[PDB]
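Shown below, as C-alpha cells, is a lone chain in the form deposited in one PDB entry; questions about how it binds or moves come after it.
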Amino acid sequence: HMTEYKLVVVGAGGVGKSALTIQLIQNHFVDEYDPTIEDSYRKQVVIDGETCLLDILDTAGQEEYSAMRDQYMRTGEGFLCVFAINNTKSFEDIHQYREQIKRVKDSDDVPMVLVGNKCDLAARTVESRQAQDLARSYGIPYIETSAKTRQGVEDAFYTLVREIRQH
C-alpha cells in the first residue's frame, strides 16, 4: 500500500485560498472543478521518485465555524498556512493559525509550510522578504504561488510532503 499524506489547508477566508488545492487537484489543462466528488480532494503523485497519495482538507467557506478549527486541524499530518500577498491582515493572521496547529497537534515541531498566494491583479502589500523573515522565525519553508498561472502550486505541496518525510 502506497503512503497516504493527510494535508490540511489553513488560512484567512475572503482572499481566494481555495485556488491552491483546486489548481493542484485539477489537470493543468482542465479549468474545471466539482467539489462534490471524492477525486476532488485526493491526488496520486510522485515526489523524489516515491509514489504517494495526497489527501487534502480545505474547508474554505467555513471560517465562521471558528470552534470547528481544532477538529479539522487534528485530522492533518502536515499543514499549508496560506495568506494572500495583497491582504496584510491574512498574513498577520498566520501567527495565531500556527499557534493553534501546535496546540492541536501538541507539538512545537509540526510539518508546515508558509504559502503566499497571488490570486488577482490587486497590488501586493506583503513583500516576499517579510514572508521569508516570518517563515525563517518559525523554521519553515516559504513558497509563493500564483492562482492565474499555477506557478509554485506543486512546489508548495511537494515541499510540505518533504517536510513530513524528513520529520
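Each form is matched to the other, and the largest set of C-alpha atoms that superpose within 1.5 Å is called the rigid core. Residue positions are given as counts along the sequence shown, with the first one as 1.
In what follows, reference is made to the form deposited in another entry, a form of this protein that is not presented.
Fit the rigid core and compare the CA positions between the shown form and the other one: of 99, 109, 55, 120, just 120 moves by 2 angstroms or more. After superposition on the rigid core, displacement of the C-alpha of residue 28 between the shown form and the other one amounts to 2 Å or more.
With the core held fixed, residue 37 shows a CA shift of 2 Å or greater between the shown form and the other one.
With the core held fixed, residue 10 shows a CA shift below 2 Å between the shown form and the other one.
The pair residue 39 and residue 76 approaches in the other form: their C-alpha atoms are at least 3 Å nearer to each other than in the form depicted. Annotation for the pair residue 97/residue 36: C-alpha atoms approach each other in the other form, by 3 Å or more compared with this form.
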